[PDB]
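We place every Cβ from the backbone using ideal geometry, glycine too, and count neighbours over all the protein chains shown. Derivation of every value follows stated rules applied to the coordinates shown; laboratory data play no part.
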Number of protein chains: 2
Amino acid sequence: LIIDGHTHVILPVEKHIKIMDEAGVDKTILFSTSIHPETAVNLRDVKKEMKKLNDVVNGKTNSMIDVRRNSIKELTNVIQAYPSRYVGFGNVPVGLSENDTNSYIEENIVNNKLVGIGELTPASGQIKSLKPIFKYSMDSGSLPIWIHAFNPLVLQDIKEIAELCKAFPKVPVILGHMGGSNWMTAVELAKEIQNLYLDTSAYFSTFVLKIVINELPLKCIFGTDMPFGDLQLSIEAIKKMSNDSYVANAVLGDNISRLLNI
Amino acid sequence: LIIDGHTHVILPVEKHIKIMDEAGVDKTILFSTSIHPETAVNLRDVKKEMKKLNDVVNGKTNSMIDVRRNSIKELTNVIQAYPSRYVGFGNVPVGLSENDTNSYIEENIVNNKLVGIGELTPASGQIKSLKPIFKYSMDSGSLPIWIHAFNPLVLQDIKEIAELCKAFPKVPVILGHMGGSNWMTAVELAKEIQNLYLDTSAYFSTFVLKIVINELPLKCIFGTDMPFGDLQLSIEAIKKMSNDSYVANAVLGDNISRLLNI
Ligand SMILES: [Zn+2]
Ligand SMILES: [Zn+2]
Ligand SMILES: [Zn+2]
Ligand SMILES: [Zn+2]
């Protein structure tokens with residue numbers, strides 16, 4: 001009904017549940033994270049944390065295993081506390097072998113009953129390195145893949161993501177952040193490709209947001225990217241930019257409820 | 001005074017004055033524009049304008065002097081209609097000779113009584129081409145220079161803008177959009193460099209917005225970037241993210257009132 005389609009685990013968990021309660025939000029799709037800027041005491045510590053997140057988003061940490069496994073453990077432990085309020089996507093190391101990627105997915109995603117894979121943060125130029133994650137999904141239960149697509153991703157990376165969608169048509173793909181500055185191409189590709197959807201989180205223009213959600217009302221998925229975005233402010237923006245209440249309600253939860261079978 | 005520090009000319013003008021009125025906004029620093037996506041009815045035309053825009057901001061239109069002479073005439077005529085509500089910045093083509101630069105500025109900026117130069121849209125790697133404009137502003141009334149600093153500017157362009165600030169310490173510089181994904185460096189640079197301010201428009205994270213405005217409460221200038229942003233929405237965000245009402249009142253207008261002597 002309102003489902004936040006993309007938020008990183010927030011601590012203390014009860015503060016986030018209270019923010020959901022106050023915003024009229026039923027459920028959140030939670031994403032693992034190695035980093036908790038929302039708990040940093042003092043500005044120096046916030047910056048330290050934001051600098052580490054910059055490295056992650058830039059793709060410098062992608063082959064690391066243990067940190068992704070600890071963040072899944074955090075994620076499963078958080079969901080277990082509020083299993084009516086949370087569903088989870090778990091992250092998978094990029095740039096491993098097909099064998100090691102499969103076992104990883106089996107142990108850390110399937111065995112934890114997570115509903116999707118992400119948030120992937122490929123380095124620019126390295127989209128093709130995601131093939132084995134698509135392969136696993138093509139086969140075993142078509143888990144949605146969620147891909148960060150704001151900076152540092154450029155136009156050609158968006159195009160390459162599109163090609164993987166076409167090559168693996170049964171695997172749903174959610175494009176993080178509408179493709180950033182590349183939203184015009186992102187919206188064309190999502191119109192064209194059956195299995196490509198767009199996340200709304202981290203829009204930089206309410207006019208771009210208006211154009212994209214009203215052009216693709218059934219394939220845009222509301223998300224806030226907490227702790228980076230604000231739940232009430234983002235909900236308010238969706239409802240103000242939506243051309244009618246159907247569009248608003250589809251983007252705000254009916255689309256992802258349909259997609260994940262919530 | 002709440003002042004919108006960065007908005008492009010909106011047509012019809014009375015629509016924009018009404019929005020200001022409803023949002024409790026006293027004045028807007030209005031910036032010229034060659035494209036009007038707000039007057040496009042139907043989606044094909046909107047897309048057509050947004051595309052023309054996307055390559056302006058990317059730096060491809062940077063020598064289309066005719067079109068730009070027309071946009072300044074538009075801006076001067078709009079200002080004349082509500083001279084108590086609007087003050088203007090006028091654009092200057094980026095890559096011209098020192099002589100062709102001082103000629104354009106004299107005719108189009110100084111003669112039209114505009115209070116600043118902008119919004120400049122240098123292509124990535126071309127920040128050094130801006131030197132003539134800094135040189136002229138230094139010889140005229142130290143007119144502020146306002147530079148688009150979201151994509152496609154990268155970190156190195158941001159660093160190069162800072163060097164220009166240091167070479168021209170009396171020329172105020174407003175860094176558009178907090179420097180986008182490069183906001184961590186942008187805010188360090190603005191802390192250290194006397195004449196460098198940050199525009200808040202086109203933030204993509206309210207958390208980033210929060211860190212930046214509370215770290216630099218006296219050098220962040222509220223702007224909405226209409227027609228790309230939404231006045232009421234953006235104001236709400238500033239007030240919600242500000243740590244106190246001083247911070248909010250500075251960012252929302254006192255800062256630009258001081259800098260521009262409004
Ligand atoms: Zn992301
Ligand atoms: Zn995220
Ligand atoms: Zn701009
Ligand atoms: Zn602008």
Give segment B:166-182 a look and list any residue that's within 16 Å of the chain's Cα centre (by Cα) and either within 16 Å of ligand 2 (Cβ to nearest atom) or on the phi < 0 side of the Ramachandran plot (or both), or say none. B:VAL171, B:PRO172, B:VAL173, B:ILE174, B:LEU175, B:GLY176
Helices (runs of 4 or more DSSP H) completely within segment A:196-251 that count 1 or more residues being under 22 Å from B:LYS240 (Cα atoms) and more than 17 Å from the chain's Cα centre (by Cα): A:206-215, A:231-241
Evaluate segment B:163-185: report whether one residue or more is among the aromatic types (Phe, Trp, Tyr), touching a strand residue (DSSP E or B) at 6+ places or on another chain (Cβ under 8 Å) and away from chain A (no Cβ under 14 Å). no
Considering only segment B:1-108, give the helices (runs of 4 or more DSSP H) lying wholly within it that have at least 3 residues that are among the acidic types (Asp, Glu). B:13-23, B:43-57
Do you know which residues across segment A:130-150 are of a type in the set (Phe, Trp, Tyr), within 16 Å of ligand 2 (Cβ to nearest atom) and not in a strand (DSSP E or B)? A:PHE150
Exclusive hit being surrounded by fewer than 22 Cβ atoms within 10 Å (Cβ to Cβ), within 16 Å of ligand 2 (Cβ to nearest atom) and either of a type in the set (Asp, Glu) or more than 17 Å from the chain's Cα centre (by Cα) (or both), set A:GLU119, A:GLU74: A:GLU74
Kindly check whether there is at least one residue in segment B:137-150 that is under 30 Å from A:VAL56 (Cβ atoms) and either away from ligand 3 (no atom under 13 Å from the Cβ) or in contact with a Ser or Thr (Cβ under 7 Å, 6 or more places away or on another chain) (or both). yes
For A:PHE222, the lone unmet condition from (1) crowded, with 23+ Cβ neighbours inside 10 Å; (2) within 18 Å of A:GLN156 (Cα to Cα) is (2)
I'd like to verify a number: residues in segment B:194-215 that are away from ligand 1 (no atom under 16 Å from the Cβ), surrounded by fewer than 23 Cβ atoms within 10 Å (Cβ to Cβ) and within 13 Å of chain A (Cβ to nearest Cβ), how many? 4
From the list A:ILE3, A:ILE17, A:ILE10, pick out the single residue that is of a type in the set (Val, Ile, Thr), more than 14 Å from every other protein chain (Cβ to nearest Cβ), away from ligand 3 (no atom under 16 Å from the Cβ) and surrounded by 21 or more Cβ atoms within 10 Å (Cβ to Cβ). A:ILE3
Members of segment B:216-262 found to be within 22 Å of A:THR206 (Cα to Cα), within 14 Å of another protein chain (Cβ to nearest Cβ) and among the aliphatic types (A, V, I, L, M), listed by number: B:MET226, B:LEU231, B:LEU233, B:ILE235, B:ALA237, B:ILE238, B:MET241
The condition from (1) of a type outside the set (S, T, N, Q); (2) away from ligand 2 (no atom under 14 Å from the Cβ); (3) within 14 Å of chain B (Cβ to nearest Cβ) that A:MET50 misses is numbered (2)
Return the pairs, sorted by first residue and then second, in which the second residue is in a helix (DSSP H, G or I) and of a type in the set (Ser, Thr, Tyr), the first residue lies in segment B:239-262 and is without any contact (Cβ under 8 Å) to a residue 40 or more places away in the chain, the beta carbons are less than 7 Å apart, and the residues are 6+ apart or on different chains. B:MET241/B:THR206
